[PDB]
Amino acid sequence: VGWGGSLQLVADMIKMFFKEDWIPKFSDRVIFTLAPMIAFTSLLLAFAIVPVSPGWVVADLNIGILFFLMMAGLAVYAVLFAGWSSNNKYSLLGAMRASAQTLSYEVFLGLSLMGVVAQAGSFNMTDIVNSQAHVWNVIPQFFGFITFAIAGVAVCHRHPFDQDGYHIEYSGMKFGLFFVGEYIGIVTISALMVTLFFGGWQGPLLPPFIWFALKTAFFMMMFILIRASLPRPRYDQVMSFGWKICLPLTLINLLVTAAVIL
Amino acid sequence: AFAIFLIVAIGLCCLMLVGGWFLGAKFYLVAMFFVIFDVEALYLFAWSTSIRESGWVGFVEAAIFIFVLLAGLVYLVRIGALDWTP
Amino acid sequence: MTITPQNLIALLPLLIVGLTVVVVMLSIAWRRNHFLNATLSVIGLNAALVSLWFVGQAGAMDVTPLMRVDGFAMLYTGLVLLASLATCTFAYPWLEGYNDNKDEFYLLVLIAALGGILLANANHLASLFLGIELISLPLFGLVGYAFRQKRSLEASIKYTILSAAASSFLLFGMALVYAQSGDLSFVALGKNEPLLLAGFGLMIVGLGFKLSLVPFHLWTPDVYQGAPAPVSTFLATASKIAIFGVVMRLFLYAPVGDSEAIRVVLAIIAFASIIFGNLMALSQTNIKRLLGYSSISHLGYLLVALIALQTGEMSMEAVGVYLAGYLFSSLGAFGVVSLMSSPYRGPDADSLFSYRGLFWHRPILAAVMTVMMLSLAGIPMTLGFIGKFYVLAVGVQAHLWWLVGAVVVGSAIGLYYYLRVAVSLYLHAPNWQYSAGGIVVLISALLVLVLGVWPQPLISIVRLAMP
Amino acid sequence: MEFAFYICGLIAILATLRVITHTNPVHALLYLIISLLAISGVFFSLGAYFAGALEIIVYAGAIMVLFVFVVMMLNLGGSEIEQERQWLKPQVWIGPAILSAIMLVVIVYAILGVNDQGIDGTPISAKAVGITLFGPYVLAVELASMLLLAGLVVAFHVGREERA
Amino acid sequence: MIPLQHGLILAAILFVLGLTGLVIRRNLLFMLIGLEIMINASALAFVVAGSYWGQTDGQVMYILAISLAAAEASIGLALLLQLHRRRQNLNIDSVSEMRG
């Protein structure tokens, strides 16, 4: 096997290829070929706005944050189209239930990020990372920080468990495609949590680019750490402690920031 | 830039497709709550973009906006529409 | 401009009603009680009528570029508020027999009052859109209130698709005008190239659905048969009363409405509205479809005044008084229809053949329907005649001979069905808020009689309001 | 932006022909999302920056999720295909199209009558739209909120729950 | 550069294609789809109209236009719930009583 811990992932990828793909009868084909891409490619293009360095930001397009939220919306269409292509009632209601949870916890992420936008006063990601020159936006938005963390681990990240059998129907190269996509998904949430809340490109005594990527891994690892730590809640209970205690939190946090800024 | 990166991404997608075929109910209404509340909070997305120069009048304006929204959420919770759901 | 206390006193109608929605919604979530919600909603609408005096302390002025507050808007806000007051008092006796969730009704009527009192105050094309849709969403949903019947849902769905369709025509027209003009403000508009006129015709389509004009009148029978009679009180009176104010203000302010190209098209619509209303209205044996047929003809008489708004200043008060008379006549008639359904009764059985007798059953209520039904026609001693008389005078003043002749022959045709219902209440027979509902229609009967025989005090109010 | 504007318009024009023509509702939903991403490309071709992103968050990402939910929970696939295509004969399809043709060409003639006066690529950012919305258009936002809240009440009422 | 007529022609065509779709097709679901196809076409005219003159007059009620669309779509889907729950046919001729 490989001599690196992460290189074993590559080994798995090799153990993933050269399996044939069977076409289920009386099932759609366009979603069968595209529903993998919406779980993979959409969060891959959520990395098109990450300033790892001001000389190596992917795209200097005029609005940054919205282009994160856009992709975070298209994240629900993949869960649905897989469920409609499965054409099984055991999977149909599970896809509905999984997509309902994604829609429930997609609400908090946009309203939590507006507080960081308001203290920075802009959307564009270069304007943010020049705002974190001396103080990062993790001291003031503690409530915005924890809710963005909860909203990130709810969308296509299996942290509330309850995942049914809707990805069972794909087992060929598309199973690795969903797996590659969720790995890509977790690194962009960790990267965006660092570069929007913390400071990317800081480097007090070491190259800043290294100093940032170091924090990126810490969150990425930390998400895995908490994934293995917190047990499964009841699927009834996550909606009970969703809109009740999370939607008021971002709005009252946004008013606290509006009083602080003004 | 963005267009070059998008072209690179879609070319990689086409290449992996080439390699792939070469190798060989009820109570959904919580969903509709989202659909209202996204468009409700989209006005807040505009406001925090320029909170500073709208100033206190925009702040008083935005406070009444989200108080209406928060009153609606309490109505939804306390009616019994927003609870455990399929 | 910013917010000054003059602006808040001017905005006081839109404010009291909005505070009422919040308090009503909190009260619904607290207790879910019919008595408390009815009391809270009617108190807010009565508080809005009281605060009309306070905005009368303020002069003719702007709040934002979206709105202009004049004394014209003071009277139209008052018409909408009494219709909202009228519909809640007619809904309590109908909803006492409803099986469950009896409390969402006042919340939707309160939203519709916000929409009505927002189309009274208009100065920009966007306020026109925020008002039309604020009132439609309760009218989207309240004709579908009590969807347990097989026709309420039918009526709601037909009105839903068609009203969204009209709003899409209005919005597409609203932009095609703004392509030429640099601003969408009514005054700033028109500062006769075909795109502006073509955009104007699209807004006529989107406005003439809700005003029930001749090629758009198809919804007015069906939903009026399907909707609850408390909803029909609001759908007949408040919506079109509020909507007619904004369509009149657009032609008064905009210099494009001065041109004869739009004038000829609106006159032909008015001509055909009278004719295509009053001929198909004869054969009906249903009272709700009968009132819905008459609504098309009444909005046509309003248009034959509006076409001569630009010739002589008497058209302002003419439109105002016919709207006041039309409010009182329809509220009394539709209140008696709803007052016959004192329980929910599932589907109410109301028809012209079902209204044989009704004088030896309930004599007072038959008198109210007869007085109002003679007031709809043009019989004197009733306020409808004075309103009819000004629209004839306006058409004579502006030399619209075909249009004034259409009103007379339309009156001649339309006398027939009003008189059958008046005499059909004299053939041989085949709780506390109910007494309150009787008081509302009986109060309106006294008012239409005394303002038909003695019409000067209502004119003094109208010339007080007109700028 | 000119070739970009042209390609997004033709994709929107064509995908709209497909969604009024096709029969499978999920394919119709898919083609209309192509239409909505095409329209956001049109907005970014024109320069409306707070519209192209705004349309994808909400119009291609909130409203159409609700459309997709209802078409999978009715489970209406496999029923009402044969007679539904028997209703749409091409001779029937021609009929009302000539009706829509009359207004479409009048609009084309009415818009061809004016001069060109071609605009440039003016970029309109969200910095001033949030200012303008909470300044002169202050009333619109609050009243706009009531449009949504009213939709909430009626959608809970018509989407009333029961024992089933 | 793109002139007014090219943009507005895109708007006009889309509205006509929308309107046409709703009229021709039987199912209430496709009528709702046609409503959304024609409410965005009107909004498409507004943005190109509002971006002709180069100010914030498009995006200031493009949002109101989609707020109406969101509210209409929510109630329209709710109406079809009750319609299939009462009767399994989904065509609009099912609820077509009181003819003439």
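Note that we place each Cβ from the backbone using ideal geometry, even for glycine, and neighbour counts take in every protein chain shown. Coordinate-derived values only; no laboratory data.
Does E:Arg26 fit the bill of being farther than 26 Å from B:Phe34 by Cβ, at the interface with chain D (Cβ under 7 Å from one of its Cβ atoms) and of a type in the set (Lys, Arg)?
The answer is yes for E:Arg26.
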Legend entry - Qualifying residue in the range D:104-117 (condition: closer than 21 Å to E:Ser51 by Cα, out of contact with any helix residue (DSSP H, G or I) (no Cβ under 6 Å at 6 or more places or on another chain) and more than 7 Å from every other protein chain (Cβ to nearest Cβ)): yes
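Could you please let me know if B:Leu12 is buried (at least 20 other Cβ atoms within 10 Å of the Cβ), farther than 17 Å from A:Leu111 by Cβ and more than 8 Å from chain A (Cβ to nearest Cβ)?
Details: buried (at least 20 other Cβ atoms within 10 Å of the Cβ): no; farther than 17 Å from A:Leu111 by Cβ: yes; more than 8 Å from chain A (Cβ to nearest Cβ): yes.
Criteria not met by B:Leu12.
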Inset, instruction - Within the range E:26-51, work out how many residues are farther than 26 Å from D:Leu74 by Cα and outside any helix (DSSP H, G or I). - result: 0
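Filter the range A:130-153 down to the residues that are assigned to a helix (DSSP H, G or I) and of a type in the set (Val, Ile, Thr), then identify the one that is surrounded by the most Cβ atoms within 10 Å (Cβ to Cβ). Break it down into steps so the answer makes sense when it comes.
Just the residues of the range A:130-153 that are assigned to a helix (DSSP H, G or I), to begin with: A:130-131, A:142-153.
Still in the running and of a type in the set (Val, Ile, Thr): A:146-147, A:150, A:153.
On the way: A:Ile146: 14, A:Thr147: 24, A:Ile150: 19, A:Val153: 19.
Of everything passing the filter in the range A:130-153, A:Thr147 is surrounded by the most Cβ atoms within 10 Å (Cβ to Cβ).
Restrict the check to the range C:23-41 and report whether at least one residue is among the aromatic types (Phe, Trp, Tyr) and either in contact with a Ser or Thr (Cβ under 6 Å, 6 or more places away or on another chain) or part of a loop (DSSP other than H, G, I, E, B) (or both).
First, pick out the residues of the range C:23-41 that are among the aromatic types (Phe, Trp, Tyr): C:30, C:35.
Now narrow it down to the ones that are either in contact with a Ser or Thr (Cβ under 6 Å, 6 or more places away or on another chain) or part of a loop (DSSP other than H, G, I, E, B) (or both): none.
The answer is no; no qualifying residue exists.
Would it be correct to say that D:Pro96 is within 11 Å of chain A (Cβ to nearest Cβ), surrounded by fewer than 21 Cβ atoms within 10 Å (Cβ to Cβ) and either out of contact with any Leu (no Cβ under 7 Å at 6 or more places or on another chain) or farther than 24 Å from D:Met1 by Cβ (or both)?
So D:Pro96 does not fit the description; no.
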Legend entry - Scope the range C:1-55; condition within 14 Å of chain B (Cβ to nearest Cβ) and of a type in the set (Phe, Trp, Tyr); matching residues: C:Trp30
Inset, instruction - Could you list, in sequence order, all residues of the range A:101-121 that are at the interface with another protein chain (Cβ under 7 Å from one of its Cβ atoms) and either under 22 Å from A:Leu262 (Cβ atoms) or assigned to a loop (DSSP other than H, G, I, E, B) (or both)? - result: A:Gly110, A:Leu111, A:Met114, A:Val117, A:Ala118, A:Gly121
Inset, instruction - Among residues belonging to the range C:163-197 that are more than 10 Å from chain E (Cβ to nearest Cβ) and either among the β-branched types (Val, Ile, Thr) or part of a helix (DSSP H, G or I) (or both), point out the one that is surrounded by the most Cβ atoms within 10 Å (Cβ to Cβ). - result: C:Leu196
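For the range A:77-90, which positions are farther than 15 Å from A:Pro36 by Cβ and within 11 Å of chain D (Cβ to nearest Cβ)? Quick ask: steps written out before the conclusion?
Within the range A:77-90, the subset farther than 15 Å from A:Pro36 by Cβ is A:87-90.
Within the range A:77-90, A:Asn87, A:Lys89 meet the criteria.
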Inset, instruction - Return yes when D:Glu142 is in a helix (DSSP H, G or I) and acidic (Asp, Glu) and no when it is not. - result: yes
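Is at least one residue of the range C:60-80 over 21 Å from D:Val138 (Cβ atoms), assigned to a helix (DSSP H, G or I) and of a type in the set (S, T, N, Q)?
Going residue by residue through the range C:60-80, those that are over 21 Å from D:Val138 (Cβ atoms) are C:71-72, C:74-76, C:78-80.
Restricting the remaining residues to those that are assigned to a helix (DSSP H, G or I) gives C:71-72, C:74-76, C:78-80.
Next, only the ones that are of a type in the set (S, T, N, Q) stay: none.
Checking the range C:60-80: not a single residue is over 21 Å from D:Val138 (Cβ atoms), assigned to a helix (DSSP H, G or I) and of a type in the set (S, T, N, Q).
Here is a check on your reading of the model: is B:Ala46 at the interface with chain A (Cβ under 7 Å from one of its Cβ atoms), closer than 23 Å to A:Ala72 by Cα and aliphatic (A, V, I, L, M)? Full working, then the answer.
Working: at the interface with chain A (Cβ under 7 Å from one of its Cβ atoms): no; closer than 23 Å to A:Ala72 by Cα: yes; aliphatic (A, V, I, L, M): yes.
Criteria not met by B:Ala46.
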Legend entry - Which numbered condition B:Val35 fails, given (1) more than 7 Å from chain A (Cβ to nearest Cβ); (2) under 24 Å from the mean Cα position of the chain (by Cα); (3) surrounded by fewer than 16 Cβ atoms within 10 Å (Cβ to Cβ): (3)
Inset, instruction - Would you confirm whether any residue within the range C:100-119 is assigned to a loop (DSSP other than H, G, I, E, B), within 18 Å of C:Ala238 (Cα to Cα), out of contact with any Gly (no Cβ under 6 Å at 6 or more places or on another chain) and polar (S, T, N, Q)? - result: no
Inset, instruction - Only residues that are touching a strand residue (DSSP E or B) at 6+ places or on another chain (Cβ under 9 Å) and either more than 19 Å from E:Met1 (Cβ to Cβ) or of a type in the set (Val, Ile, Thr) (or both): list them for the range E:34-63, please. - result: E:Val47, E:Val48, E:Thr56, E:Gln59, E:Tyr62
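Would the range E:69-82 turn up any residue that is within 29 Å of D:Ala101 (Cβ to Cβ) and within 7 Å of chain D (Cβ to nearest Cβ)?
Of the range E:69-82, the ones within 29 Å of D:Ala101 (Cβ to Cβ) are E:69, E:72-73, E:76.
Checking the rest, the ones that are also within 7 Å of chain D (Cβ to nearest Cβ) come to E:69, E:73.
Within the range E:69-82 (the criterion being within 29 Å of D:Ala101 (Cβ to Cβ) and within 7 Å of chain D (Cβ to nearest Cβ)), the answer is yes, since at least one residue qualifies.
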Legend entry - Number of the exception - A:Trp56 against (1) more than 13 Å from chain D (Cβ to nearest Cβ); (2) closer than 30 Å to A:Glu169 by Cβ; (3) not charged (D, E, K, R): (2)
Legend entry - Neighbours by Cβ (under 6 Å, 6+ apart or cross-chain): first from the range E:52-66, facing another protein chain (nearest Cβ under 7 Å) and surrounded by fewer than 23 Cβ atoms within 10 Å (Cβ to Cβ); second of a type in the set (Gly, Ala, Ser) and in a loop (DSSP other than H, G, I, E, B): E:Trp53/C:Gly182
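Residues are listed down the side, and each one gets a yes or a no for (1) within 7 Å of chain C (Cβ to nearest Cβ); (2) over 22 Å from A:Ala118 (Cβ atoms); (3) under 26 Å from the mean Cα position of the chain (by Cα); (4) part of a helix (DSSP H, G or I):
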position	(1), (2), (3), (4)
D:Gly121	no, yes, yes, no
D:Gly130	no, no, yes, yes
D:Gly135	no, no, no, no
D:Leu149	no, yes, yes, yes
D:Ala155	no, yes, yes, yes
D:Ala164	no, yes, no, no
Legend entry - The lone exception for C:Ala58 - which of (1) surrounded by 16 or more Cβ atoms within 10 Å (Cβ to Cβ); (2) within 22 Å of the chain's Cα centre (by Cα); (3) more than 14 Å from every other protein chain (Cβ to nearest Cβ); (4) not acidic (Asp, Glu) it fails: (2)
Inset, instruction - Please indicate, with yes or no, whether at least one residue in the range A:184-196 is touching a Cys at 6+ places or on another chain (Cβ under 6 Å) and surrounded by 15 or more Cβ atoms within 10 Å (Cβ to Cβ). - result: yes
Inset, instruction - Take the residues in the range D:2-27 that are surrounded by fewer than 22 Cβ atoms within 10 Å (Cβ to Cβ) and within 7 Å of chain E (Cβ to nearest Cβ), then tell me which one is farthest from E:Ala12 (Cα to Cα). - result: D:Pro25
Inset, instruction - Tell me which of these B:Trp84 doesn't satisfy, since it passes every other one: (1) facing chain A (nearest Cβ under 7 Å); (2) buried (at least 16 other Cβ atoms within 10 Å of the Cβ). - result: (2)
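Sort out for me the helices (runs of 4 or more DSSP H) sitting completely within the range C:353-467 that have 3 or more residues that are farther than 20 Å from C:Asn278 by Cβ and either touching a helix residue (DSSP H, G or I) at 6+ places or on another chain (Cβ under 7 Å) or small (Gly, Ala, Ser) (or both).
Details: elements: C:363-377, C:383-397, C:401-424, C:432-453, C:456-465.
Those helices (runs of 4 or more DSSP H) span C:363-377, C:383-397, C:432-453, C:456-465.
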Inset, instruction - Answer yes if at least one residue in the range D:68-88 is in contact with a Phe, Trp or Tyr (Cβ under 8 Å, 6 or more places away or on another chain), within 30 Å of D:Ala126 (Cβ to Cβ) and facing another protein chain (nearest Cβ under 7 Å), and no otherwise. - result: yes
